[PDB]
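Input: a single structure, listed below in structure tokens.
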Amino acid sequence: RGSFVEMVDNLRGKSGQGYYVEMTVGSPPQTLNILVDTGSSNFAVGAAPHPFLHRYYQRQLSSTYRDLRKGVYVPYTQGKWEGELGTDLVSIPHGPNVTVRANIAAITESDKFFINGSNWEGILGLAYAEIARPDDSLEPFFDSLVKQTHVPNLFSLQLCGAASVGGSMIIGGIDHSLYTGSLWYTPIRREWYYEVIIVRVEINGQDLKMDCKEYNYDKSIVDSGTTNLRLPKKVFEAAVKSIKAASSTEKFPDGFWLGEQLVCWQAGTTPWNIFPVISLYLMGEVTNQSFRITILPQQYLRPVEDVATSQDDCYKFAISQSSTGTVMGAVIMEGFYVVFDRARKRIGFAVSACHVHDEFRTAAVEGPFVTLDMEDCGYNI
Ligand SMILES: C[C@@]1(c2cc(NC(=O)c3ccc(Cl)cn3)ccc2F)CCSC(N)=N1
Ligand code: NA
């Protein structure tokens, strides 16, 4: 407990492509890079020679493979995957020194799922059974890990960000060198997604003055598998209005705020200080008590390096409207060390020791604050 040197720096990735960890599947072990996803619950790996893939699960080479003789079809809002369910021995080279029999969805057909140019071949769904496909009987990997070993029912993520991103996934523990100050915990409202309740929203300290139910319509989640801070449409509308006002020194086209176009500045001449901080107050552990997390423009203005039609420093506005509730994606998580404390049904936030900042402002986790009617901020029906 407290320090896990061998798990430090076990995450890699590229900007806009997510964070992956090294895993082994089968006997003898087949090495795969696997996307770390707190927004889903399936362990699903490429099992066929899709041209975008560096490598894939070859079930014929594994003596420990077992067929569940069951298919699974997973459509998303944009794209799909389809696979054949089985079990095999799963290990994490730069994680705990254990081997687990886990459910594996062997991906045999997909559309807009794998990324052309990416270095990962599967997805580690770290959320709960309730949202597993096809149903809650298909035990998620981390549930299997805890059930079969003495690994504590907790993991933590330090996503570092801005061409190669890095970070740490501490399995079964917390590493105190990864954060500064104190951890503050928000209750997991329900174990399906990592669902949380946002009780107050500020832009540069200015409250948005909305019914706090709107902040969590229809849910708020912490999701390492999403880049953006995604806000419910009505919240997004009001947040951008306030961000527009706060950043009035320079004017930008309407399309930039909708993520329909990028904005470019000359190298090193990026004006961070004209852009406001964004604060989310989260439900605390105690009745009427809350805490505040605060991110910088460094988090919500993402560098886009892939532009060929431009030679400057171009950025995407990575706060976007949503119809699925608040998604606290990489835009949030890159500022913080995030502790998914499953044993105690809570999520901890602390200032990340690796987060990107200037000399005038840092990301912050602050409390305690007094907030009434926090239970009424959650959505029902
Ligand atoms: C299963 C799903 C998903 C996520 C991804 N993520 C990424 O590619 C990515 C990219 C950048 C960053 Cl920072 C993080 N992640 C890719 C394919 C997917 F099917 C469905 C959509 S939402 C979610 N939480 N999981
Ligand atoms: Na997708």
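Going by the structure tokens order, chains are called A, B, ..., each with residues numbered from 1, while ligands are numbered from 1 in the order shown.
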Could I get the residues of chain A with an atom no further than 7 Å from an atom of ligand 1, each paired with its nearest atom pair and that distance in Å to one decimal, using only C-alpha atoms and all ligand atoms, sorted by chain and residue number, as a tab-separated table?
residue	atom	partner	partner_atom_place_in_ligand_line	distance
A:16	CA	ligand 1	11 (C)	4.4
A:17	CA	ligand 1	10 (C)	4.0
A:18	CA	ligand 1	12 (C)	3.4
A:19	CA	ligand 1	14 (C)	6.4
A:37	CA	ligand 1	24 (N)	5.6
A:38	CA	ligand 1	24 (N)	6.4
A:39	CA	ligand 1	24 (N)	3.7
A:40	CA	ligand 1	24 (N)	5.4
A:76	CA	ligand 1	20 (C)	6.3
A:113	CA	ligand 1	17 (C)	5.1
A:114	CA	ligand 1	17 (C)	6.8
A:223	CA	ligand 1	24 (N)	5.6
A:224	CA	ligand 1	14 (C)	5.5
A:225	CA	ligand 1	15 (N)	3.5
A:226	CA	ligand 1	14 (C)	4.2
A:227	CA	ligand 1	13 (Cl)	3.8
A:329	CA	ligand 1	13 (Cl)	6.9
A:330	CA	ligand 1	13 (Cl)	4.9
| Counting only C-alpha atoms, what is within 9 Å of segment 272-275 of chain A, bar same-chain residues fewer than 5 positions away, as a ChimeraX atom specification? | /A:204,243-244,246-250,296-298,358,360-361
| message | Which residues are near residue 198 of chain A? Cut-off 8 Å, only C-alpha atoms, ignore same chain within fewer than 6 positions. Put them as JSON, numbers by chain. | response | {"A": [212, 215, 216, 220, 280, 281, 282, 283, 377]}
Using only C-alpha atoms and all ligand atoms, find each residue with an atom at most 8 Å away from ligand 2 and format the answer as a PDB file with N, CA and C atoms, in the first residue's frame.
ATOM      1  N   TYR A  76     -22.892   1.159 -31.024  1.00  0.00           N
ATOM      2  CA  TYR A  76     -22.759   2.438 -30.333  1.00  0.00           C
ATOM      3  C   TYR A  76     -23.451   3.516 -31.159  1.00  0.00           C
ATOM      4  N   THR A  77     -23.462   4.753 -30.649  1.00  0.00           N
ATOM      5  CA  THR A  77     -24.056   5.902 -31.356  1.00  0.00           C
ATOM      6  C   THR A  77     -23.456   6.068 -32.762  1.00  0.00           C
ATOM      7  N   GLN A  78     -22.127   5.984 -32.849  1.00  0.00           N
ATOM      8  CA  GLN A  78     -21.416   5.924 -34.126  1.00  0.00           C
ATOM      9  C   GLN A  78     -20.442   4.739 -34.125  1.00  0.00           C
ATOM     10  N   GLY A  79     -20.814   3.676 -34.839  1.00  0.00           N
ATOM     11  CA  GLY A  79     -20.006   2.456 -34.913  1.00  0.00           C
ATOM     12  C   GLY A  79     -20.518   1.261 -34.119  1.00  0.00           C
ATOM     13  N   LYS A  80     -19.837   0.125 -34.283  1.00  0.00           N
ATOM     14  CA  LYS A  80     -20.237  -1.163 -33.686  1.00  0.00           C
ATOM     15  C   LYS A  80     -19.063  -2.136 -33.509  1.00  0.00           C
ATOM     16  N   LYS A 112     -16.036   1.432 -37.453  1.00  0.00           N
ATOM     17  CA  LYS A 112     -15.641   2.676 -36.752  1.00  0.00           C
ATOM     18  C   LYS A 112     -15.248   2.447 -35.279  1.00  0.00           C
ATOM     19  N   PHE A 113     -14.666   1.281 -34.998  1.00  0.00           N
ATOM     20  CA  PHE A 113     -14.292   0.904 -33.635  1.00  0.00           C
ATOM     21  C   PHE A 113     -12.790   1.067 -33.404  1.00  0.00           C
TER      22      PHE A 113
END
| Which is closer to residue 264 of chain A than all the others in A:146, A:222, A:304, A:314, using only C-alpha atoms? | A:314
| task | Compile the contact shell of residue 294 of chain A as number ranges by chain: residues with an atom at most 9 Å away, counting only C-alpha atoms, same-chain residues fewer than 6 positions apart removed. | result | A: 202, 277-281, 332, 335, 362-366
